[PDB]
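Visitor: My structure is below; once you've seen it, I'll send some questions.
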Amino acid sequence: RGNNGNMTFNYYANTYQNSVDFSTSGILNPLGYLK
Amino acid sequence: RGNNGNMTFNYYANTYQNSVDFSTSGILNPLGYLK
Amino acid sequence: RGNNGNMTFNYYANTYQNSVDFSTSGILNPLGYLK
Amino acid sequence: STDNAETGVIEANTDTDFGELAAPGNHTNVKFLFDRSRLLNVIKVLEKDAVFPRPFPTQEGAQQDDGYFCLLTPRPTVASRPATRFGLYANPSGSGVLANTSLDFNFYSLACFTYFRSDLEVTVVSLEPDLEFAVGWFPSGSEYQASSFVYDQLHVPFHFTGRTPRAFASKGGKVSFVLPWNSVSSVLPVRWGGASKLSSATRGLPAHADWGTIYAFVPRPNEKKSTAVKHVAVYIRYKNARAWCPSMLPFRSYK
Amino acid sequence: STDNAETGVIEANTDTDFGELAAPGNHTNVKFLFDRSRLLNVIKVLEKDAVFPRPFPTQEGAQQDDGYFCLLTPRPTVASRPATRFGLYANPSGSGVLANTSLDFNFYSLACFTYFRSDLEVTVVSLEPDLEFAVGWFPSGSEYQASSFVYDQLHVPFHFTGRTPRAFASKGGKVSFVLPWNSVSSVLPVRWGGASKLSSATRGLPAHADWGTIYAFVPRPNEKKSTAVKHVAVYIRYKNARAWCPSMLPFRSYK
Amino acid sequence: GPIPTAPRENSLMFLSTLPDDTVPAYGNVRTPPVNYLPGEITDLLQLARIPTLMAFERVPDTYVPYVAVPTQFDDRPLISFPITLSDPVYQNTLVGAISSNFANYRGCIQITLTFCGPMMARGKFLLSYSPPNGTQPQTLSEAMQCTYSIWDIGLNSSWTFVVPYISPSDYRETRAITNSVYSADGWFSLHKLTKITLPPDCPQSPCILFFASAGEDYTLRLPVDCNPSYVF
Amino acid sequence: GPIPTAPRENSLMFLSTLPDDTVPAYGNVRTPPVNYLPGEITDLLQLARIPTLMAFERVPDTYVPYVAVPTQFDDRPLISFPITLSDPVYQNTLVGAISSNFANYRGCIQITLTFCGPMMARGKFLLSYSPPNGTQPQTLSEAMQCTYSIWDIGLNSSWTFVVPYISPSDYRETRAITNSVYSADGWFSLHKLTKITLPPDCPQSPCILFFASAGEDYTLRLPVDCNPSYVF
């Protein structure tokens with residue numbers, strides 16, 4: 001996904017590479033529905 | 001194939017390394033046939 | 001064989017590393033035999 | 001064919017009237033399009049502890065250090081502060097002080113939505129030959145620490161040390177790193193219509209819509225100040241960008 | 001032996017008349033032969049925003065910046081534009097402006113077919129000692145963006161930023177990268193006989209038979225222009241090349 | 001022990017579009033959730049598929065987005081324009097604005113019309129599409145031979161005309177400079193087949209609105225730089 | 001933690017023929033298919049195996065590709081030439097042009113002839129091939145001892161002469177400078193065994209066409225640089 005080519009090895013952990021949201025616990029839909 | 005020596009590891013993905021055509025869905029042949 | 005130390009990994013292919021002859025299809029012998 | 005566009009929701013090739021259903025052959029994806037570097041702003045380089053600009057309006061005869069620092073945001077900014085009306089000094093020589101301004105032309109050329117969110121990846125490039133420098137950054141809502149301390153009768157600005165990241169690059173080098181989305185607001189409003197304060201506020205001026213702040217300085221004591229100025233360039237990238245609702249596009253003149 | 005070559009399709013060693021069937025011992029393969037670098041052209045280095053050359057014919061007294069930019073194609077070119085007749089200025093000093101020209105001698109020495117296609121791998125080498133530069137490129141059918149913007153009273157050319165790739169090399173460095181086949185035409189015509197327009201066209205002049213365009217510039221503001229000129233060299237390579245039909249070879253004089 | 005290595009020729013280079021990541025500096029940060037926001041976008045084609053309005057020069061700013069039917073005519077279409085996306089008429093439409101930032105396009109353009117006038121009026125119109133030629137067709141007789149259709153005023157006042165995609169190459173350029181066969185693709189025109197009958201007490205001169213958008217098989221390939229002219 | 005490493009002595013070097021790839025800059029691009037184009041080439045030997053024409057100085061441009069039989073002769077072959085691929089006669093043939101860009105060759109050259117003249121004529125020719133010697137053989141008596149064959153005019157007017165490959169080394173050089181045994185490989189000659197009988201009312205002087213190509217076991221090994229002389 002995205003303009004990323006590497007597909008073999010990620011060195012740093014995911015948490016330290018990208019932000020993560022904390023839990024609170026082709027086919028394209030149309031942006032308008034007409035009942 | 002080609003003047004390429006490496007035969008162990010390709011880092012970047014094939015799609016990002018070479019172009020690909022989109023689908024539309026020794027022994028050497030002679031360039032002249034005489035019926 | 002030879003003054004080569006590496007014994008774990010060869011990167012480039014053998015054909016591109018050394019020449020190869022094309023097919024045409026301790027104990028030391030003495031250089032003189034006397035019948 | 002029969003249709004009714006007044007209702008808004010119109011139906012949906014040549015197979016319908018006369019067909020051709022040319023096979024597919026995803027370069028417009030939001031995640032993919034926005035991943036590439038682009039210039040943001042050009043700033044001076046510090047050589048001593050500086051005094052941050054005062055909030056507007058700034059009266060005549062106020063002592064400060066202007067031209068340094070720079071926000072990290074596509075929205076228009078003035079004097080290193082958030083702004084609404086973009087402007088430039090196309091006029092010839094005048095008086096007073098000229099206010100540095102910035103904007104993301106490429107981003108706004110396709111900013112066709114309202115809300116946005118992504119990670120930012122910063123890098124820095126020098127301009128003058130064989131120049132040595134360093135960078136410092138702090139989150140949104142923080143402040144820049146002033147003053148200096150004495151070591152062996154050398155005045156070292158306080159910004160040499162801190163809990164926030166620092167970067168030292170070799171002679172004629174470059175810097176790069178990726179920061180996290182850290183503002184309090186859930187998403188970045190490309191265009192806004194609210195107010196940030198109960199009274200004396202300005203309509204449509206967001207408060208904390210940015211990624212942080214950046215500055216550049218030389219690793220030397222204050223006792224070795226020079227005369228010639230130096231400059232630095234900045235670039236940014238977006239990672240895993242997302243958009244949340246349609247919008248308009250900039251108007252093109254018919255001249 | 002008995003045969004009839006007038007029919008064209010002749011039959012096919014010493015085993016047939018007197019044999020010898022020397023065993024094999026693939027250096028002529030199309031894919032393998034064309035994978036090696038070769039010089040293409042030498043160009044100047046920009047130091048400010050430039051004005052692209054106007055389309056032919058160019059009248060006397062037209063202001064522009066010539067000598068920069070360069071196409072990526074083996075076919076002959078003139079003034080950074082596609083051309084048909086290759087030419088050179090072997091004559092002594094004259095008048096007017098001299099038009100830069102280029103051609104791929106090595107490619108055309110074995111260009112024995114009509115249609116060709118492959119990926120291109122570009123690299124750049126400097127000539128003057130301890131020179132700092134950068135490169136920029138855009139696809140076929142695009143245009144070069146002119147004009148400049150002001151940052152802290154420094155005129156920065158617009159080409160510093162863009163969605164197309166940019167490359168910054170360290171002091172006395174080198175550049176390299178591989179681009180994709182991006183022209184609209186399915187394959188590259190080595191020799192052509194059609195016309196690109198319904199009227200006022202020139203026979204045998206292709207429209208978009210290339211890989212793109214390249215230029216070089218210094219990362220400095222326009223307020224630091226110098227006098228001495230600088231030069232840069234360019235090399236290209238072919239990857240996974242293919243050919244599609246026989247053809248002739250260049251004529252050799254019998255002098 | 002140390003692992004032998006050999007740096008390549010392009011070390012210490014900076015690429016503005018290299019597909020790779022960078023080392024983190026301030027990682028391990030959490031963010032509030034955004035599951036409450038509806039209407040997430042994934043591809044700009046979703047916005048490209050939305051109709052919008054065009055512009056026209058009007059008689060001697062004057063760029064009204066509609067065309068008014070005259071009373072007397074003279075053997076000539078009411079309005080005609082090329083099919084080059086760089087044309088002024090496509091400037092402010094979403095499809096034109098988005099495409100201007102890409103090199104190659106592919107698919108079928110879509111055009112939609114709508115009538116605005118008295119209910120009890122009547123008339124008939126003819127729509128035409130002429131591929132490239134040596135001269136732009138003018139007369140109704142010429143127009144009829146090419147691809148065309150007939151629009152009749154009735155209960156439904158809207159009609160959609162789909163422009164077929166025919167070209168000698170799989171893709172086509174988005175902006176035209178030389179007007180080569182690779183960019184231009186002919187013309188479109190509107191002809192009044194009959195004379196519009198205005199009912200009594202309805203004053204005169206109805207108007208027509210033009211709606212343009214992208215087809216269901218549109219596509220764009222190569223990104224390019226933008227034009228910051230809108231800032232001045 | 002950091003992995004120890006040791007850069008070698010040849011770091012930051014640029015090689016014009018290094019067998020390795022490079023980092024992509026603008027990847028993820030699709031292209032139209034080319035399955036509709038017939039006649040794809042794979043190896044240049046396919047083109048090398050095609051006959052072509054030779055050249056000859058002609059009597060005192062004059063480089064007609066044929067040889068005319070005279071009326072009276074004098075104990076000497078009609079035409080003879082070496083077997084060195086750098087010779088002028090091989091310049092414009094495909095085999096010569098291609099081989100000139102390689103160092104070593106290997107295999108059997110192929111020569112083909114064809115007659116052009118009145119139908120009702122008759123004659124007999126002799127073809128010879130003499131390996132290297134101290135002096136080029138001239139007389140028919142000498143020629144006969146070496147490898148040879150006899151060509152008879154009849155229904156079929158074409159004949160192929162295969163030059164055997166004999167040399168002290170597996171490969172041979174492609175261009176000759178010192179004329180050493182490694183490049184030169186003897187001579188070829190054509191002798192008129194009988195006198196050609198021209199039928200009445202057919203004027204005189206038939207002509208012969210020379211066709212040359214590569215054998216079925218040809219081969220080339222080492223690429224080299226080209227000569228741009230053709231541009232001047």
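Each chain of the structure tokens is named A, B, ... in the order shown, its residues numbered from 1; ligands are numbered from 1 in display order.
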I want to know what sits within 9 Å of residue 22 of chain C, based on only C-alpha atoms, with residues of the same chain fewer than 4 positions away left out; could you give that as a ChimeraX atom specification?

Guide: /E:23-25

Visitor: When the cut-off is 10 Å and we count only C-alpha atoms, which residues of chain B are near chain E, given as a compact mmCIF listing (two decimals) with C-alpha atoms, in the first residue's frame?

Guide:
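Now in selection06.txt:
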# COMPACT_ATOMS: atom_id res chain seq x y z
CA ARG B 1 18.24 -13.40 -18.66
CA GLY B 2 20.24 -10.43 -19.88
CA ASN B 3 23.52 -9.09 -18.53
CA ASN B 4 22.35 -9.64 -14.95
CA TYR B 16 8.31 -1.24 -8.96
CA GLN B 17 11.40 -2.63 -10.72
CA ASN B 18 10.05 -3.25 -14.23
CA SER B 19 7.02 -2.23 -16.27
CA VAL B 20 4.18 -4.71 -16.78
CA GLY B 26 19.55 -23.23 -30.84
CA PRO B 30 12.68 -18.95 -40.03
CA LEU B 31 11.26 -15.55 -40.91
CA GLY B 32 9.90 -16.81 -44.24
CA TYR B 33 7.53 -19.64 -45.15
CA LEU B 34 7.11 -20.76 -48.77

Visitor: Report as a list in words the set of chain E residues whose atoms approach chain F to within 6 Å, with distances computed over only C-alpha atoms.

Guide: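 Every residue meeting the condition is included here: residues 162, 163, 165, 166, 167, 168, 169, 174, 175, 184, 196 and 197 of chain E.
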
Visitor: Could you find all residues in segment 142-207 of chain D that DSSP calls strand (DSSP E) from the backbone, and write them as a PyMOL selection string?

Guide: chain D and resi 148-151+154-157+166-168+175-179+188-189

Visitor: Quick one: write out the picked residues with C-alpha atoms as a CSV table (one decimal), in the first residue's frame?

Guide:
chain,number,residue,atom,x,y,z
D,148,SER,CA,22.1,30.8,27.6
D,149,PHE,CA,24.5,29.4,30.1
D,150,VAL,CA,28.2,30.0,30.6
D,151,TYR,CA,30.8,27.2,30.2
D,154,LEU,CA,31.6,30.7,26.6
D,155,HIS,CA,27.9,31.5,26.2
D,156,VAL,CA,26.1,28.3,25.0
D,157,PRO,CA,22.4,28.8,24.1
D,166,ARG,CA,18.0,17.0,17.8
D,167,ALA,CA,20.0,16.3,14.6
D,168,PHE,CA,23.6,16.9,13.9
D,175,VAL,CA,19.0,15.4,7.5
D,176,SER,CA,15.8,13.3,7.5
D,177,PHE,CA,13.3,11.8,9.9
D,178,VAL,CA,9.6,11.0,10.3
D,179,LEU,CA,7.4,12.5,13.0
D,188,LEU,CA,-6.6,18.6,10.0
D,189,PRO,CA,-9.3,21.0,8.6

Visitor: Could you give me the residues within segment 22-252 of chain E that DSSP places in helix (DSSP H, G or I), as a list in words?

Guide: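 Those residues are residues 30, 31, 32, 33, 105, 106, 107, 108, 109, 158, 159, 160, 222, 223 and 224 of chain E.
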
Visitor: I'd like a table as JSON lines: residues in chain G with an atom no more than 12 Å from chain F, each row giving the shortest atom pair and its distance in Å to one decimal, only C-alpha atoms counted, sorted by chain and rising residue number.

Guide:
{"residue": "G:2", "atom": "CA", "partner": "F:2", "partner_atom": "CA", "distance": 11.3}
{"residue": "G:3", "atom": "CA", "partner": "F:2", "partner_atom": "CA", "distance": 8.1}
{"residue": "G:4", "atom": "CA", "partner": "F:2", "partner_atom": "CA", "distance": 5.1}
{"residue": "G:5", "atom": "CA", "partner": "F:2", "partner_atom": "CA", "distance": 4.6}
{"residue": "G:6", "atom": "CA", "partner": "F:4", "partner_atom": "CA", "distance": 5.1}
{"residue": "G:7", "atom": "CA", "partner": "F:5", "partner_atom": "CA", "distance": 4.9}
{"residue": "G:8", "atom": "CA", "partner": "F:6", "partner_atom": "CA", "distance": 5.6}
{"residue": "G:9", "atom": "CA", "partner": "F:6", "partner_atom": "CA", "distance": 8.1}
{"residue": "G:10", "atom": "CA", "partner": "F:6", "partner_atom": "CA", "distance": 6.9}
{"residue": "G:11", "atom": "CA", "partner": "F:7", "partner_atom": "CA", "distance": 5.1}
{"residue": "G:12", "atom": "CA", "partner": "F:9", "partner_atom": "CA", "distance": 4.8}
{"residue": "G:13", "atom": "CA", "partner": "F:9", "partner_atom": "CA", "distance": 5.5}
{"residue": "G:14", "atom": "CA", "partner": "F:9", "partner_atom": "CA", "distance": 5.4}
{"residue": "G:15", "atom": "CA", "partner": "F:9", "partner_atom": "CA", "distance": 8.5}
{"residue": "G:16", "atom": "CA", "partner": "F:9", "partner_atom": "CA", "distance": 10.9}
{"residue": "G:18", "atom": "CA", "partner": "F:8", "partner_atom": "CA", "distance": 10.7}
{"residue": "G:20", "atom": "CA", "partner": "F:8", "partner_atom": "CA", "distance": 10.2}
{"residue": "G:21", "atom": "CA", "partner": "F:8", "partner_atom": "CA", "distance": 10.7}
{"residue": "G:22", "atom": "CA", "partner": "F:10", "partner_atom": "CA", "distance": 9.0}
{"residue": "G:23", "atom": "CA", "partner": "F:18", "partner_atom": "CA", "distance": 8.3}
{"residue": "G:24", "atom": "CA", "partner": "F:18", "partner_atom": "CA", "distance": 7.3}
{"residue": "G:25", "atom": "CA", "partner": "F:18", "partner_atom": "CA", "distance": 5.7}
{"residue": "G:26", "atom": "CA", "partner": "F:17", "partner_atom": "CA", "distance": 7.1}
{"residue": "G:27", "atom": "CA", "partner": "F:19", "partner_atom": "CA", "distance": 8.7}
{"residue": "G:28", "atom": "CA", "partner": "F:221", "partner_atom": "CA", "distance": 9.9}
{"residue": "G:29", "atom": "CA", "partner": "F:221", "partner_atom": "CA", "distance": 7.7}
{"residue": "G:30", "atom": "CA", "partner": "F:221", "partner_atom": "CA", "distance": 8.4}
{"residue": "G:31", "atom": "CA", "partner": "F:170", "partner_atom": "CA", "distance": 9.0}
{"residue": "G:32", "atom": "CA", "partner": "F:170", "partner_atom": "CA", "distance": 6.5}
{"residue": "G:33", "atom": "CA", "partner": "F:170", "partner_atom": "CA", "distance": 9.2}
{"residue": "G:34", "atom": "CA", "partner": "F:170", "partner_atom": "CA", "distance": 11.0}

Visitor: Tell me, in Å to one decimal, how far atom CA of residue 158 of chain D is from atom CA of residue 131 of chain D.

Guide: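 Separation of atom CA of residue 158 of chain D and atom CA of residue 131 of chain D: 21.9 Å.
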